[PDB]
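Numbering (the deposited numbering), first residue to last: 1 to 688.
Just so it is clear, CB atoms sit at the ideal spot from N, CA and C, and this is done for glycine as well.
Quick notes on the structure that follows.
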């Protein structure tokens, strides 16, 4: 539609943002919305629920978060800010977004470049197959070298930037834009110097431009055989042919545009918005597509709001103004205001008062929400994230199959006055819905939490969250190891218990041989007996006394596993003997035999296979030996070299920053616990 009900979505521009600053997204976004919408409110600097600790990091390294939805109009071209604000750690919503969006957009202040985190956002952009651009804004601000960013693209992805412009001046001197294919420039006036005068290209950029009209016809021939065939023929194709090809090519992600300039003093900006429309599409410029039913039919999701509804619920806040804003994305179908609207994976209609699209710090109210669209509901004052919704009219599609952040920094946690535990299970209950950047698990002995999460940065963001919202006090324990205890040498003992209680004497005597035994036996009892002496009558108790002194091991008192017990001798006489006496007598016997049979505690032993360069072996080898590594071989993976090793759990627990530092030369790694092995003995003895 070219009528509103659909048209805001039918001209929409799904952009997914990574940015640095100075220009960047957050430094730029409000007054550049002033330069075409003549208003605007962003709200990311700096927003809770967490961030006032790691706000400075957020800005450089992804960009600032909380601005995610925006609609604005250039000449009925609805020009849009859409999800993925900046986060590189929190990438459930990035995975959701790359399947949704069309433009993955890197913003610079022109002296910035491609970071680790930029590389990560390209891999995520890659995974769900988006077109992308870069724009070097603030070319009139120092350090501004376009060609390293071109160079780095050529280098880093091995691949094709495409030069969209030449500038006139650079870092310290920018003042005009050269179109390199139409071979002409435009210069930009004042403080508000969107004042354009179409000047020539000066000689100094003519040749790179000419190469580039040539490269831009070249590039155009790459998406339309008529332009190649005319190029081939001896025509050079014409602008319009090229304009039509570039759209084809861009939506097929066959290019990566690199732009420059400086929108800072308004310069040219309104006219640029027309190139957005030209080469990128709407989310309604795709058809009905498939998700699979609960009975296993592939099933039509409709990019066509007229069709079957399909929705994901992704973001819950509580509010004073509605009480509760519940943010939802519709994938297909039309959800209308003033109604009760359907959740399939709950099974119910809940009551919509108003339908809104929620921006950073503010609402805009709407009649309806459609196939590809997002917004916030008024009404529904308990409805939750993480259900899958399809309509009353729909087949029951799959919309969601996204992969989650995953850990590399482990923390055991303990609240301390128990009042901080009280407002901790509240704080944990909140963080548990909200945070896919950790993994939680319960030591249930204590009832304590052992978190693993998603990086130093993730743990910073937690910390950040803690200082703001939680108001909780806690002692964070170590990343820590599990045990077993065991005998190593066999030793041969006796147990006696002869004392009076209950009128008469109580008398237990047993003679055991206690041995090391292989695993998954647990206990093993051999009765050399042949009844009497250490008699059969008293055995289940006499075995019971061993069974309970297995549970306390003889080092720090952790369970002692797999030992072979041969019961051979003893004595008894009932008027003075008892089976419990015999139990206690058996109980006594063992502790000494296992102790003199040289016991040890066992710590969980990991097997690790690590992809590295092979002379990066001499980078890694001192860390690996400190980390107690024992090489099992060196095997290439992909292309690059996987060193195998066996490692006891306890030394790895610092790593995560150094970890992104260790993930070199087509880097990767796997890890599993395999078996227990013994804890360094001198240290071991200290724990007791």
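- Shown here, residue 674 sits in a strand according to DSSP, grouped into three states.
- With contacts defined as CB atoms closer than 8 Å, residue 410 and residue 345 fail to qualify as a contacting pair.
- By the beta-carbon neighbour count (other beta carbons within 10 angstroms, threshold 16), residue 396 is buried.
- One thing to note: residue 187 has its Cβ no nearer than 8 Å to the Cβ of residue 169.
- By the 16-neighbour rule on beta-carbons within 10 angstroms, residue 447 is exposed.
- Of the residues assessed, residue 458 falls on the buried side of the cut-off, its CB having 16 or more other CB atoms within 10 angstroms.
- Beta-bridge pairing by DSSP links residue 147 to no other residue.
- With a contact defined as Cβ atoms closer than 8 Å, residue 356 and residue 368 miss out at about 11 Å.
- Under a 10 Å Cβ-count criterion, residue 340 is classified as exposed, with fewer than 16 other Cβ atoms of the shown protein chains found around its own Cβ.
- Take the alpha-carbon of residue 526 and the one of residue 602: they are about 26 Å apart.
- The residue among 110, 98, 138 and 151 with its C-alpha nearest the C-alpha of residue 132 is 98.
- Within the segment 5-36, the runs of beta strand (DSSP E) that reach at least 3 residues and sit entirely inside it are, in chain order, 15-19.
- The secondary-structure analysis by DSSP pairs residue 266 with nothing; it has no beta-bridge partner.
- When secondary structure is reduced to three states using DSSP, residue 509 falls in the strand class.
- DSSP lists 511 as the bridge partner or partners of residue 569.
- Under the three-state reduction of DSSP, residue 379 is assigned to strand.
- Excluding the 5 residues flanking it on each side, residue 420 has same chain C-beta neighbours closer than 7 Å at 472, 473 and 474, in chain order.
- Distance from residue 77 to residue 276 at the Cβ level is roughly 7 Å; contact confirmed, criterion being Cβ atoms closer than 8 Å.
- In the DSSP secondary-structure assignment, residue 612 is bridged to 641.
- DSSP lists 505 as the bridge partner or partners of residue 500.
- Setting aside the 5 residues that flank it on each side, residue 632 is surrounded in the same chain by 644, 645 and 646, each with a C-beta closer than 7 Å to its C-beta; the list follows chain order.
- Non-local C-beta neighbours of residue 685 in its own chain, meaning closer than 8 Å and more than five positions away in sequence, comprise 555, ordered along the chain.
- Across the set 185, 587, 15 and 488, the C-alpha of 587 shows the shortest separation from the C-alpha of residue 494.
- For residue 169, there is no enclosing beta strand (DSSP E), as DSSP marks it with neither H nor E.
- If only complete runs of 3 or more residues are kept, the segment 330-363 shows the beta strand (DSSP E) at 339-343 and 348-358, in order along the chain.
- Burial is judged here by how many other beta carbons sit within 10 angstroms of a residue's own beta carbon; residue 147 has fewer than 16 and is exposed.
- Between the alpha carbons of residue 272 and residue 262 lies a gap of roughly 12 Å.
- Judged by DSSP in its simplified three-state form, residue 409 adopts strand.
- Per DSSP, the beta-bridge partners of residue 310 are 332 and 390.
- Separation of residue 249 and residue 278 (C-alpha to C-alpha, rounded to the nearest whole angstrom) is 12 Å.
- DSSP places residue 470 outside any beta strand (DSSP E), giving it a letter other than H or E.
- Taking C-beta separations shorter than 7 Å and ignoring five residues to either side along the sequence, the partners of residue 315 in its chain run 327 and 385, following chain order.
- A Cβ-Cβ distance of about 21 Å is found for the pair residue 40 and residue 62, leaving them out of contact under the 8 Å criterion.
- For the set 211, 124 and 564, the Cα lying nearest the Cα of residue 528 is the one of 564.
- In the structure shown, residue 53 falls within a coil segment according to DSSP collapsed to helix, strand and coil.
- Residue 229 is classed as exposed because its beta carbon has fewer than 16 other beta carbons within 10 Å across all chains shown.
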